[PDB]
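Here's the structure, in structure tokens; my notes come after.
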Amino acid sequence: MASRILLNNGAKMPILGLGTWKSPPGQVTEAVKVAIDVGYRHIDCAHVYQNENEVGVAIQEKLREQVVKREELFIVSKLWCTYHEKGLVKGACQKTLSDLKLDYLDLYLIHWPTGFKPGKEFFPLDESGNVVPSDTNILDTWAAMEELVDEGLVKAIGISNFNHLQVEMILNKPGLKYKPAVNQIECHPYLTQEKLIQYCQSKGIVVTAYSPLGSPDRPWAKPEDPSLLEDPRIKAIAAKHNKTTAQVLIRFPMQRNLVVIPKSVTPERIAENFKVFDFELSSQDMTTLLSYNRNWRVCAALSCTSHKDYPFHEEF
Ligand SMILES: NC(=O)c1ccc[n+]([C@@H]2O[C@H](COP(=O)([O-])OP(=O)(O)OC[C@H]3O[C@@H](n4cnc5c(N)ncnc54)[C@H](OP(=O)(O)O)[C@@H]3O)[C@@H](O)[C@H]2O)c1
Ligand SMILES: O=C(O)COc1cc(F)ccc1C(=O)NCc1cccc(C(=O)O)c1
Ligand SMILES: NC(=O)c1ccc(F)cc1OCC(=O)O
């Protein structure tokens with residue numbers, strides 16, 4: 001399969017990237033170095049992950065070593081929820097650029113549609129534990145993202161965790177200058193996202209699947225929770241193809257025309273997870289994997305369920 005997908009800004013995006021949420025700061029520099037050595041050309045980052053400095057050390061060294069050229073890398077980061085106001089967006093982007101030691105991002109996403117009160121805390125709370133919202137709306141935050149393109153800080157802009165009505169709001173924005181290039185959403189066999197994916201694809205927005213392995217290292221995992229990597233039905237498809245379960249879980253979104261960003265800090269898994277471009281799942285395999293949907297969503301915050309822009313009350 002071709003390694004890159006064409007975005008609606010005219011640039012090409014590698015369909016396989018390395019995730020970095022939860023990658024410890026003392027391990028992520030080596031993880032990213034290994035990833036680049038073994039072929040990864042897309043790294044998914046965020047300021048809220050608190051490890052962009054260390055990701056940046058790896059990127060800079062591989063550029064300095066001339067393992068890769070900057071134009072061959074596709075670096076993604078995300079605007080955190082406490083920076084949705086007009087006067088904070090540029091500085092938030094520039095902090096990410098400075099940490100990653102880059103002079104542009106390939107893609108910058110609104111991390112969540114929910115804006116929070118600015119300040120030092122990433123989740124500012126009231127005395128009862130509700131997140132304290134910002135009043136800045138989605139559309140004004142989008143205009144601030146458009147400015148970043150026009151200032152040369154980012155080559156593409158997009159969104160993450162937006163439901164279809166929220167995507168539609170941006171597409172219908174008065175005076176829209178740049179369409180979102182990407183919507184990055186949770187997607188795996190237990191949360192297959194058909195409706196939202198079809199909507200986004202019909203509008204020319206590329207979907208990136210996050211937590212493709214079901215995020216088994218999520219901090220709030222419980223022992224009884226469903227496990228994609230241990231699902232015997234998925235293991236059986238993997239065995240039939242002489243591949244690992246993770247390799248099937250990565251190839252699955254690729255064949256749906258999605259980008260996918262599995263996370264690992266384990267060198268052997270980083271290399272293994274990239275070895276997915278040379279086998280095919282059948283149509284029957286694809287439909288069988290889709291059949292496992294249980295609307296099992298792992299990534300959301302209880303503190304945000306009354307925010308006006310909470311994305312997951314809507315069906316999709
Ligand atoms: N936009 C958003 O709101 C959002 C939300 C969630 C995630 N994301 C992005 O998506 C990325 C991926 O999602 P995620 O980190 O939630 O989880 P994930 O990629 O679904 O799963 C990561 C877990 O799988 C393990 N793993 C990786 N390869 C494996 C293999 N071959 N065999 C067995 N286990 C394997 C990792 O272990 P080791 O690391 O120990 O090897 C880690 O515990 C994130 O890192 C982040 O970049 C974005
Ligand atoms: O968000 C990610 O990429 C991965 O998850 C995290 C990573 C962190 F470093 C710190 C917290 C989270 C987290 O709680 N996310 C969920 C989240 C965040 C913001 C708003 C909402 C909401 O429900 O509106 C939901
Ligand atoms: N998203 C969940 O299902 C979840 C479950 C338990 C938990 F303690 C946390 C959780 O998500 C993170 C959150 O609510 O901040």
Side-chain angles (χ1 to χ4, degrees), residues 16-24 27-28 30-32 34-35 42-52 55 76-82 84 107 109-116 121-125 129-131 133 158-163 166 182-191 207-221 225-230 238 243-250 253 259-267 269-276 296-307 309-313:
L16 184 51
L18 182 71
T20 65
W21 175 36
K22 311 170 265 60
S23 297
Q27 297 166 27
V28 73
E30 183 65 9
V32 173
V34 167
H42 166 191
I43 314 294
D44 184 74
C45 309
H47 177 66
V48 78
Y49 301 165
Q50 301 183 224
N51 59 5
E52 293 193 311
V55 170
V76 183
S77 186
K78 320 188 190 77
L79 178 76
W80 185 249
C81 299
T82 53
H84 279 207
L107 176 64
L109 304 177
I110 305 181
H111 201 152
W112 291 81
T114 52
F116 306 163
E121 290 181 352
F122 289 156
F123 284 84
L125 306 177
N130 307 297
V131 82
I159 58 190
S160 183
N161 302 293
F162 279 48
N163 73 37
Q166 294 172 321
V182 167
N183 190 14
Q184 179 181 128
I185 64 178
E186 187 177 335
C187 183
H188 48 70
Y190 300 155
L191 186 73
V207 173
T208 300
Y210 75 67
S211 305
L213 315 180
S215 197
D217 57 337
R218 60 200 186 281
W220 51 86
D225 283 344
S227 166
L228 288 164
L229 286 163
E230 297 172 4
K243 286 287 181 173
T244 69
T245 301
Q247 287 168 332
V248 167
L249 290 166
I250 292 163
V259 176
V260 63
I261 53 169
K263 172 269 181 182
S264 182
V265 291
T266 303
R269 291 172 169 175
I270 293 166
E272 159 185 327
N273 288 353
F274 202 73
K275 296 181 184 176
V276 293
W296 182 67
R297 183 183 303 279
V298 310
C299 194
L302 181 59
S303 65
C304 296
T305 53
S306 292
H307 190 294
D309 301 312
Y310 181 72
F312 308 140
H313 303 313

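For ligands, and for the atoms within them, numbers begin at 1 and follow the listed sequence. Excluded from the calculations below are hydrogen atoms, water molecules and symmetry mates; all remaining heavy atoms, backbone and side chain alike, are included. Starting from 1, each residue takes its place in the sequence as its number.
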**Asked** Are any of the N/O atoms in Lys78 less than 3.5 Å from those in ligand 1?
**Response** no
**Item:** Within reach of ligand 1, part of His188 (heavy-atom separation under 4.0 Å)
**Value:** neither
**Per-atom contacts, ligand 1 versus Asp217 - under 4.0 Å to a heavy atom** = 22 (C), 23 (C), 42 (C), 43 (O)
**Request:** Go through ligand 3 atom by atom and flag the ones less than 4.0 Å from a non-hydrogen atom of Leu302.
**Result:** 13 (C), 14 (O)
**Request:** Provide the number and element of each atom of ligand 1 under 4.0 Å from a heavy atom of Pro212.
**Result:** 19 (O), 20 (O)
**Message:** With nothing but distance in play, are any N or O atoms of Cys299 less than 3.5 Å from an N or O of ligand 1?
**Reply:** no
**Prompt:** What atoms of ligand 1 come closer than 4.0 angstrom to any heavy atom of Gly19?
**Reply:** 11 (C), 45 (O), 47 (O)
**Prompt:** For ligand 1, which part of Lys263 has a heavy atom less than 4.0 Å away: the side chain, the backbone, both, or neither?
**Reply:** both
**Message:** Counting C-beta onward and ignoring hydrogens, is there a side-chain heavy-atom pair between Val298 and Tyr190 closer than 4.5 Å?
**Reply:** no
**Item:** Contact atoms of ligand 1, heavy-atom distance to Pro262 under 4.0 Å
**Value:** 19 (O)
**Ligand-side contact atoms (ligand 3) for residue partner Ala300, heavy atom cut-off under 4.0 Å** = 1 (N), 11 (O), 12 (C), 13 (C), 14 (O)
**Under 4.0 Å to a heavy atom of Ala246 - the qualifying atoms of ligand 1, by number** = 30 (C), 31 (N)
**Request:** Kindly determine whether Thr82 and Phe116 satisfy side-chain contact (heavy atoms from CB on, under 4.5 Å), including the steps that lead there.
**Result:** CA-CA 5 Å; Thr82 53; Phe116 306 163; 3.8 Å; yes
**Item:** Side chain, backbone, both or neither: the part of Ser264 lying under 4.0 Å from ligand 1 by heavy atom
**Value:** both
**Item:** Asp44 bridged to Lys78 by N-O distance under 4.0 Å
**Value:** yes
**Request:** Between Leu109 and ligand 1, find which residue part has any heavy-atom pair under 4.0 Å and reply side chain, backbone, both or neither.
**Result:** neither
**Request:** For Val298, counting its heavy atoms only, list the atoms of ligand 3 lying under 4.0 Å from any of them.
**Result:** 1 (N)
**Request:** Show which atoms of ligand 1 fall inside a sub-4.0 Å distance from at least one heavy-atom site of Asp44.
**Result:** 9 (C), 46 (C), 47 (O)
**ligand 1 versus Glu272: contacting region, heavy-atom distance under 4.0 Å** = side chain
**Message:** Please confirm whether the ring centroid of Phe123 lies under 6.0 Å from the ring centroid of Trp80.
**Reply:** yes
**Message:** If the cut-off is 4.0 Å to any non-hydrogen atom of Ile261, which atoms of ligand 1 fall inside it?
**Reply:** 9 (C), 10 (O), 11 (C), 12 (C)
**Asked** Less than 3.5 Å between some nitrogen or oxygen of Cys299 and one of ligand 3, yes or no?
**Response** no
**Asked** Does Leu229 come within less than 4.0 angstrom of ligand 1, counting non-hydrogen atoms of the residue?
**Response** yes
**Asked** Going by the angle between their ring planes, with limits at 30° and 60°, are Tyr310 and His313 parallel, tilted or perpendicular?
**Response** tilted
Quick one: table the atom pairs, ligand 2 N or O against protein N or O, below 3.5 Å, distance rounded to 0.1 Å.
residue: ligand 2; atom: 1 (O); partner: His111; partner atom: NE2; Å: 3.3
residue: ligand 2; atom: 1 (O); partner: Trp112; partner atom: NE1; Å: 3.0
residue: ligand 2; atom: 3 (O); partner: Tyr49; partner atom: OH; Å: 2.8
residue: ligand 2; atom: 3 (O); partner: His111; partner atom: NE2; Å: 2.7
residue: ligand 2; atom: 23 (O); partner: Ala301; partner atom: N; Å: 3.4
residue: ligand 2; atom: 24 (O); partner: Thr114; partner atom: OG1; Å: 3.0

**Prompt:** Below 4.0 Å from any atom of ligand 1, is there a heavy atom belonging to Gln247?
**Reply:** no
**Asked** Is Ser23 close to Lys263 at the side-chain level, that is, under 4.5 Å between some pair of heavy atoms?
**Response** yes
**Message:** Using a 4.0 Å heavy-atom cut-off, which part of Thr20 comes near ligand 1: side chain, backbone, both, or neither?
**Reply:** backbone
**Prompt:** Does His307 reach the side chain of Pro113, with side-chain heavy atoms less than 4.5 Å apart?
**Reply:** no
**Request:** Would you mind running through ligand 1 and noting each atom that sits below 4.0 Å from a heavy atom of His111?
**Result:** 1 (N), 2 (C), 3 (O)
